[PDB]
Amino acid sequence: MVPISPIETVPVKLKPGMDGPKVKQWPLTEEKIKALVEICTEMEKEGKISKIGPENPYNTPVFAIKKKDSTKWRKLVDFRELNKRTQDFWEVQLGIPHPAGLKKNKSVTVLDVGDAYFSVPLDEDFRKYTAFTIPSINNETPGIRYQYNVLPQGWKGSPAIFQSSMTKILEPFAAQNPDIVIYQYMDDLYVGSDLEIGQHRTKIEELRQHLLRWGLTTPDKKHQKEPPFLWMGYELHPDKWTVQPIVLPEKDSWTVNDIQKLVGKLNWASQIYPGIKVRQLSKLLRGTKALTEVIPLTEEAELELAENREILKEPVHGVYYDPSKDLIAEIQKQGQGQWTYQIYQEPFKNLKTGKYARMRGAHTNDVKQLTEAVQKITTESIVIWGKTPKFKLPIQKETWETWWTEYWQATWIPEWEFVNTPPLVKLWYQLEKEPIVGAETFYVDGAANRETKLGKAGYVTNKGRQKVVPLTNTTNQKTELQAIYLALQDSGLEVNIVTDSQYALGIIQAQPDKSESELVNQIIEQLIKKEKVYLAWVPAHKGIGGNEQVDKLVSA
Amino acid sequence: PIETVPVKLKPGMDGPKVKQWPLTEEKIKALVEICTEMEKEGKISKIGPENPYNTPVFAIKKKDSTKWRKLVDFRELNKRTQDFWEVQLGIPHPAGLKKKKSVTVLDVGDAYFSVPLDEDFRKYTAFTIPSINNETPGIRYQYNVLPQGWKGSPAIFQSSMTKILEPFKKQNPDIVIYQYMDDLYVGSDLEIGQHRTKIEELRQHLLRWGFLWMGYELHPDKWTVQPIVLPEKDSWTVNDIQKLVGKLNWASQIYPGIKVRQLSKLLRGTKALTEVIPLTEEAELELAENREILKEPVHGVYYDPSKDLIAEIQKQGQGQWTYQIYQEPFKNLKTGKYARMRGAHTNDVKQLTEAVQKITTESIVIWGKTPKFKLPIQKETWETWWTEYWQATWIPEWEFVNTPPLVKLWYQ
Ligand SMILES: Cc1cc(/C=C/C#N)cc(C)c1Oc1nc(NC2CCN(Cc3ccc(S(N)(=O)=O)cc3)CC2)nc2ccsc12
Ligand SMILES: [Mg+2]
């Protein structure tokens with residue numbers, strides 16, 4: 001006998017104040033009972049379960065299931081109830097590596113650790129809660145009662161405890177063999193390196209000698225897989241990666257279900273196919289829970305789909321990461337709040353691509369969106385590669401300087417250079433800091449009746465120009481913007497505008513270049529046409545000249 | 001200190017489960033080195049999967065030091081930790097601290113690692129050194145001793161601290177010494193020579209009781225509520241008078257007695273904004289009467305320790321930042337301005353992060369707690385970058401302002 005080290009036990013508890021499960025065993029056919037007795041007799045011989053007396057008061061139901069041509073019975077212990085009552089664990093497997101962050105490992109071996117799994121002992125004080133009962137033949141004897149000594153498949157803690165147990169065992173080997181990578185996926189242990197085949201096989205043998213310290217035997221996986229690894233929806237090739245085939249279905253009838261999967265395929269594709277767009281196709285799912293409502297496609301969704309098929313016609317691939325080279329992120333504006341990007345180290349050899357869609361909001365501008373895209377890519381790049389990339393952005397250095405020095409919020413984007421890739425991001429208007437000498441002064445105001453929704457908007461100027469327009473189905477806030485719009489429409493290329501509307505000032509000072517409000521949009525269009533605009537605010541109802549005059553004109 | 005002081009969470013609350021945010025490779029490497037040494041020294045231990053809790057960590061560099069330092073963001077744990085009435089009913093916040101000519105900040109967080117943490121509470125201090133690209137499970141640890149930045153540490157250690165200082169306090173009755181979290185604030189009214197000597201005398205005294213060698217120096221003499229000032233001009237345009245009436249109208253929300261009728265009278269008509277308007281005698285008197293009102297303090301301003309402090313900040317351009325601290329609107333307890341922030345002439349976010357730390361430090365000296373910030377920045381920009389410039393062992397709370405306030409003009 002070669003002494004072997006025990007696998008350290010994880011202590012486990014039920015949730016506070018909860019007892020173990022007490023679920024009644026279902027009646028089973030004589031055939032199923034016979035099958036369960038043989039399965040459990042074998043499991044008991046292997047140490048996985050033990051027979052228990054009748055003093056244990058807990059129970060979980062057991063079932064017997066089959067397969068189509070697989071003609072033997074399967075045991076199923078349904079731990080749903082125990083799982084509800086078991087403490088939460090650190091689930092150490094939630095996120096998966098992005099392929100573009102992996103580094104080349106010429107040699108990879110796949111080891112089966114399915115057998116090692118059963119060397120992980122279940123906390124002895126918790127085993128009582130896993131009891132189950134094989135009903136007896138004709139219910140004429142006491143049922144055969146067992147409990148688990150190993151991690152039950154289907155029990156809440158098994159994945160996290162199995163994973164944490166293997167990691168701890170593997171830790172000294174990884175630490176002392178920095179030239180190999182080790183990654184576990186369920187029962188598969190992937191061991192890679194960039195060594196010559198002979199040296200690689202030696203590291204594998206050394207790893208097996210290491211795992212034997214705990215009595216773990218780990219043969220190579222059955223039917224060794226030729227590249228590429230089909231994993232988590234990717235194709236991992238030795239020198240490249242891509243997504244698995246993106247096939248867009250052809251259809252004359254699209255439902256809410258069809259479009260959801262189309263976006264999902266498109267979204268998945270966007271990590272390597274540059275320029276994917278999903279705005280128009282997403283707008284068709286705004287609010288609806290019926291998944292078979294056939295939603296017709298707009299001509300804009302049709303164009304977007306056709307543009308994606310052109311992008312998807314041919315496979316593309318990403319490269320793996322070289323830490324000795326720079327990391328570069330390039331962004332392009334696509335329109336309608338959509339942005340795409342590429343991250344690469346060498347020109348034309350993308351590590352990955354991606355996209356960014358404008359946030360939901362009433363007003364926004366391209367510089368803010370570009371900034372948001374940069375922060376998103378920054379955080380993604382820290383996740384994947386542990387560093388911020390150098391940015392190439394379609395915005396002139398002078399435009400950025402003007403923006404951040406004048407904008408009322410603090411803002412920052414990390415090291416970047418301008419790339420002349422139209423359409424360029426620009427500032428569409430800039431308000432004056434001081435009143436303009438020689439420019440006409442428009443005092444604007446609007447008001448509306450809260451009940452009738454009747455309103456007025458207008459202006460008076462220092463030249464005696466005046467206008468009041470009666471309005472229907474409006475609001476105070478709307479009449480105040482309308483007044484500003486009229487002053488812009490009716491003035492020359494330079495204009496001073498005086499408003500008492502804190503609301504309108506707050507919208508315009510936010511420097512939107514686009515809005516969900518057609519009125520704001522029309523104001524933006526007017527501002528773009530001016531040479532100089534000074535916008536001044538005064539408090540309402542204080543007797544300020546000009547403002548008092550127009551206020552009375554629009555208040556009935 | 002073999003005995004541990006029992007600690008519990010608040011009733012009906014579980015431990016924190018805060019996601020670890022992604023870290024750069026150099027910060028991960030720094031944390032691995034730091035935590036390996038802390039583990040060798042017994043300060044922390046590896047934990048297993050039966051511990052589901054988590055608190056974020058990151059890596060920083062203190063004021064002008066090149067060594068990486070570990071910072072745990074215990075904000076969630078601190079609000080889930082029982083309220084502490086540590087050795088008494090409370091430390092009456094020393095109102096004389098803010099009056100000393102000079103206040104020196106001494107990092108004494110090292111003292112905490114000599115006191116063991118209650119064994120049943122340790123699991124709640126769990127944290128993770130993350131992996132890059134999810135390529136390995138994070139490195140999981142929990143504390144075995146009082147952690148820096150945790151609310152319980154100063155309270156559980158306060159008995160020991162008062163004794164370590166008593167001999168120094170005995171000989172120096174005129175020096176105010178205040179502890180907030182990991183920091184000691186040492187105030188006196190003598191020249192830096194004798195002040196620094198006293199400070200270096202205090203750290204030597206501390207070194208014989210079981211350090212850091214670093215310090216910060218403040219001058220709370222100057223902190224007040226800055227007056228509202230009005231322009232003094234020989235010729236006023238229409239625009240000038242409109243800005244003045246707007247500012248006075250804002251001030252009338254703070255001060256009683258402010259009038260604008262005679263100033264508004266000057267604008268009778270529909271005049272060009274750049275037209276020069278002579279002040280009447282009535283308007284001059286009204287302006288003078290407003291100036292006199294604004295020389296006096298605001299009515300009914302008092303600190304209520306049961307309410308949050310709120311700090312607002314405005315970007316004024318050219319490296320200048322104005323801020324106000326209050327509990328109720330228009331009842332400012334303190335206002336101020338910052339300029340030429342050091343080492344960030346081209347980085348707004350670094351400047352804002354430095355202003356937040358300076359304002360928090362002033363708040364600790366004056367009231368013994370940190371304010372809730374209203375930050376003029378988009379959430380995603382702030383949360384991507386602020387840890388890059390953070391140098392304090394505490395972290396305040398903050399919220400984001402997305403609509404530009406008109407008040408920026410009035411503090412201009
Ligand atoms: C090692 C490993 C394997 C898989 C596969 C699952 C499946 N199904 C997944 C992950 C996350 C792995 O984990 C890491 N993988 C890498 N790099 C990779 C290694 C594999 N190659 C692809 C490849 C290479 C050689 C052959 S070959 N010629 O042997 O047939 C076939 C395929 C790309 C880079 N780096 C790290 C670092 C820390 S973990 C980890
Ligand atoms: Mg009005």
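We use all heavy atoms of the structure for the numbers below, so side chains are in, but hydrogens, waters and symmetry mates are not. Chain A is the first sequence line, chain B the second, and so forth, proteins listed ahead of strands; every chain is numbered from 1.
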Checklist entry - Are B/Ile132 and A/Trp385 close enough, and set up right, to give a side chain to side chain contact (heavy atoms under 4.5 Å, CB included), and what steps lead you there? => result CA-CA 6 Å; B/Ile132 296 179; A/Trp385 302 284; 5.6 Å; no
Next on the checklist: My understanding is that only one of A/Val92, A/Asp88, A/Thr167, A/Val10 makes a side chain to side chain contact (heavy atoms under 4.5 Å, CB included) with B/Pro49; could you say which?
Outcome noted: A/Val10
Item to check | A/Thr461 versus chain B, the contacting section by heavy-atom distance below 4.5 Å | outcome: backbone
Checklist outcome for this item: Turns out that what part of B/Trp250 lies under 4.5 Å from chain A's heavy atoms comes down to neither
Next on the checklist: Evaluate A/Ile544 against B/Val245 for side chain to side chain contact (heavy atoms under 4.5 Å, CB included), listing each step before the verdict.
Outcome noted: CA-CA 9 Å; A/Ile544 285 90; B/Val245 171; 4.1 Å; yes
Item to check | Step-by-step side-chain hydrogen bond (donor to acceptor under 3.5 Å, both in side chains) determination, B/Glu50 to A/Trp90 | outcome: CA-CA 7 Å; B/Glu50 77 283 16; A/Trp90 192 246; over 6 Å; no
Item to check | Max heavy-atom pair count under 4.5 Å with chain B, selected residue of A/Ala160, A/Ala536, A/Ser381, A/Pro11 | outcome: A/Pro11
Checklist entry - Given the options B/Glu380, B/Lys408, B/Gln378, which has more heavy-atom pairs under 4.5 Å with chain A than any of the others? => result B/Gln378
Checklist entry - So, A/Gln375 versus B/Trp385: side-chain donor-acceptor pair below 3.5 Å or not? => result yes
Item to check | chain A interface, residue from B/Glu383, B/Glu26, B/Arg140 that has the most non-hydrogen pairs under 4.5 Å | outcome: B/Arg140
Next on the checklist: So which residue, A/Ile413, A/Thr405, A/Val498, ends up with the most heavy-atom pairs under 4.5 Å with chain B?
Outcome noted: A/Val498
Checklist outcome for this item: If you tally heavy-atom pairs under 4.5 Å between each of B/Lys46, B/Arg268, B/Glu25, B/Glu135 and chain A, the highest tally belongs to B/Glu135
Item to check | Heavy-atom contact with chain B under 4.5 Å, split by part of A/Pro435 | outcome: both
Item to check | From B/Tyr389 atom OH to A/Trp412 atom CH2, the distance as rounded to the nearest 0.5 Å | outcome: 5.5 Å
Checklist entry - What option among B/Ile241, B/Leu267, B/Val401, B/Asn134 has the most heavy-atom pairs under 4.5 Å with chain A? => result B/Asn134
Checklist outcome for this item: One option among A/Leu102, A/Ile182, A/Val374 has the most heavy-atom pairs under 4.5 Å with chain B, and it is A/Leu102
Checklist entry - Could you walk me through whether A/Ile382 and B/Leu23 pass the side chain to side chain contact (heavy atoms under 4.5 Å, CB included) check? => result CA-CA 6 Å; A/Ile382 296 168; B/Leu23 297 184; 5.5 Å; no
Checklist outcome for this item: Under a 4.5 Å heavy-atom criterion, the part of residues 502-511 of chain A in contact with chain B comprises A/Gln502, A/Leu505, A/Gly506, A/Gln509, A/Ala510
Checklist entry - Which atoms of B/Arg261 come close to chain A, meaning under 4.5 Å heavy atom to heavy atom: side chain ones, backbone ones, both, or neither? => result neither
Item to check | Which atoms of A/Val460 approach chain B - backbone, side chain, both or neither, heavy atom under 4.5 Å | outcome: both
Next on the checklist: One pair to check against side-chain hydrogen bond (donor to acceptor under 3.5 Å, both in side chains): A/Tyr534 and B/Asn239. What are the steps and the verdict?
Outcome noted: CA-CA 11 Å; A/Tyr534 178 71; B/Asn239 188 64; 3.1 Å; yes
Checklist entry - Any donor and acceptor pair, going by atom type alone, linking the side chain of B/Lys315 with main-chain N or O of A/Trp408 inside 3.5 Å? => result no
Item to check | Pick from A/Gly545, A/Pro97, A/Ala174, A/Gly438 with the largest number of heavy-atom pairs that fall under 4.5 Å of chain B | outcome: A/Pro97
Next on the checklist: Can you confirm whether A/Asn462 sits close enough to B/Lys271 that some side-chain heavy atom of one is under 4.5 Å from a side-chain heavy atom of the other?
Outcome noted: no
Next on the checklist: So for A/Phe89, is it side chain, backbone, both, or neither that comes closer than 4.5 Å to the heavy atoms of chain B?
Outcome noted: both
Checklist entry - For B/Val238, is it the side chain, the backbone, both, or neither that has a heavy atom closer than 4.5 Å to a heavy atom of chain A? => result side chain
Item to check | Within 6.0 angstrom of B/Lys358 NZ, more than 12 heavy atoms from elsewhere | outcome: yes
Checklist entry - What are the two closest non-hydrogen atoms of A/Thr378 and B/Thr384, and how far apart are they? => result CG2-CG2, 3.8 Å
Item to check | Atom NZ of B/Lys379 with >12 non-hydrogen neighbours under 6.0 angstrom | outcome: no
Checklist entry - Top residue by heavy-atom pair count (under 4.5 Å) with chain B, among A/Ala439, A/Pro16, A/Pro414, A/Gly157? => result A/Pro414
Item to check | Heavy-atom closest pair, residues A/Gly546 and B/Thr270 | outcome: CA-OG1, 3.9 Å
Checklist outcome for this item: From the list B/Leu375, B/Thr403, B/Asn347, the residue making the most non-hydrogen contacts under 4.5 Å with chain A is B/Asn347
Checklist outcome for this item: Comparing A/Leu94, A/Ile436, A/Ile96, A/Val12 against chain B, the one with the most heavy-atom pairs below 4.5 Å turns out to be A/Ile96
Checklist entry - Around atom CD of B/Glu282, are there more than 12 heavy atoms of other residues, nucleotides or ligands at under 6.0 Å? => result yes
Checklist entry - Considering only heavy atoms, which portion of B/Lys17 lies under 4.5 Å from any heavy atom of chain A: side chain, backbone, both, or neither? => result side chain
Item to check | Part of A/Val550 lying under 4.5 Å from any heavy atom of chain B | outcome: neither
Next on the checklist: Less than 4.5 Å to any heavy atom of chain A: does that hold for the side chain of B/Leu273, its backbone, both, or neither?
Outcome noted: both
Checklist entry - Can you check side chain to side chain contact (heavy atoms under 4.5 Å, CB included) on B/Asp348 and A/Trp404, steps first, answer last? => result CA-CA 8 Å; B/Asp348 270 358; A/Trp404 79 258; 3.5 Å; yes
Checklist entry - From A/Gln409 CD over to B/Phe400 CZ, what is the distance, rounded to the nearest 0.5 angstrom? => result 10.0 Å
Checklist entry - Is B/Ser264 reaching over with its side chain to a backbone N or O of A/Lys542, donor-acceptor style, under 3.5 angstrom? => result yes
Next on the checklist: Counting only non-hydrogen atoms closer than 4.5 Å, does B/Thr237 touch chain A with its backbone (N, CA, C, O), its side chain (CB onward), both, or neither?
Outcome noted: neither
Checklist entry - How far apart are the closest heavy atoms of A/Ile384 and B/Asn133, and which atoms are they? => result O-CB, 3.2 Å
